[PDB]
């Protein structure tokens, strides 16, 4: 009947979509987001990030996150909660602060414990640490790395686990879906957290790909199995496939094949729990200025009408 029903028949927990609060006043948008034949899971695109949830020190702000949870709850959709520790979308009080190891650890832990406690029981998964690596497999020189060193990562996981022992804890990153220094480094982060004795349940593979340059089904599956071999589940967490503009029939077809292989890779991998697309309509796709010249990244167009990629996904999920 749709993406989510097809995904569940193949043993995934969900097929899902991100959303954001500005979209929720569009009742036509909301009606399709709330269609559980297509979406059994929701991620808040922005309203659970640090800039949204602790915009001034110790000042927790949950209304916009809660509104997304409430919608998911009314619809019977799972939540993925996104994201606790990340160098981007950090309030200036954190990124510019004068810290010591103890004082930044206290503030980071305070952030995690308050946010995760607030959402205790509501989330299938948390992206606990996001994008900790540079493209060359080095640690990003974020405030957390510079002040605390690599321990910030296992400490964040341990802190999340103490606040909510049952939610699945994910390390989430992009450009780790194909082999290379970055994916190798992401494997090493998994091994490092586990060696520290902290709980890590999952690797989140964002899957921001490009039409015509998407990794093959075979390459993607191979890489997923490289993570599951470490004793984690995997999911594609932010899938979209931006195309070099203008859109053409040939690019829409390629885009369909690209989405199909991503779905098929997940369905092929024991321990891949689901796919989330980064919103579902091109009208609300994430295409910031750095990708000027690209667009139309999603399975529905800006008029909420299906593109060939929808059928591609269905084919990849075996329906």
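Residue numbers count along the first chain shown, from 1.
- According to the PDB record, 289-297 carries the higher mean C-alpha B-factor of the two stretches 289-297 and 272-280.
- Comparing 67-75 with 153-161, the stretch with the higher mean C-alpha B-factor in the PDB entry is 67-75.
- The PDB entry assigns its highest CA temperature factor, among 169, 115, 186, 195, to 195.
- Comparing the listed residues 110, 130, 206, 179, the entry records the largest Cα B-factor for 179.
- Annotation for residue 98: CA B-factor lies in the highest third of the chain's modelled residues.
- Annotation for residue 217: C-alpha temperature factor in the middle third relative to the rest of the modelled chain, per the entry.
- In the deposited entry, the Cα temperature factor of residue 228 places it in the middle third of its chain's modelled residues.
- In this PDB entry, the Cα temperature factor of residue 48 sits in the bottom third of its chain's modelled residues, the lowest group.
- The deposited CA B-factor of residue 147 belongs to the middle third of values across its chain.
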